[PDB]
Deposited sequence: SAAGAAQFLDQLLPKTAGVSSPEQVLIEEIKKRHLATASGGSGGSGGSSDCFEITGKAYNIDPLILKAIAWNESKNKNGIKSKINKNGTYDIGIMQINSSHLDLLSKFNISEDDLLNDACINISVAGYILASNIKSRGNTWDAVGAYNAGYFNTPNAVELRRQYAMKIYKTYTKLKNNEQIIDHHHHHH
């Protein structure tokens, strides 16, 4: 179909993003207390870890801003406070940041389908900016996948 309607590679999502986030944050608080995050998150939310990496390796127009390694949009902070995830946690713990990004993408997949449109929505006028963003991620993704196939 159109790009935004084609399927994300090796990515199914989960039926309940919220339930997974709760479990993931628990596991990461314990691991910090017990004294690769892209892989852990990709497996927990059934997202290809290279899509997460592609997002990592790439103030907004509407006045929101981006936070930490996965550039979590500030519009999520209010929802995240209900999970006891603060802005400071997103800034000082890359693994929590990535688990949250997984949650957001997974929500997008539940909402839009497991298509490039779900990745476009991660950033977000709207339709075209989603497309440009998804295309950026798609390009980095293919490079990361290509490289990975060679060295495996």
| query | finding |
| --- | --- |
| Missing residue ranges, deposited sequence indexing starting at 1 | 1 to 5, 41 to 49, 73 to 83, 150 to 155, 184 to 189 |
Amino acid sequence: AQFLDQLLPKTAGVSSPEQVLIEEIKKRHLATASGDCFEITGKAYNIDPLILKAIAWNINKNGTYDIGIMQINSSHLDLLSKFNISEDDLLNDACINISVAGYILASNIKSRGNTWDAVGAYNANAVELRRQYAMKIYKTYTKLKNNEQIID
From here on, numbers count along this sequence of modelled residues.
{"query": "Mean C-alpha temperature factor, higher of 26 to 34 and 46 to 54", "finding": "26 to 34"}
{"query": "Mean temperature factor over C-alpha atoms, higher-scoring stretch between 16 to 24 and 128 to 136", "finding": "128 to 136"}
{"query": "Criterion, highest CA B-factor; candidates, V100, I59, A106, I67", "finding": "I59"}
{"query": "Chain-wide C-alpha B factor ranking for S86, given as lowest, middle or highest third", "finding": "middle"}
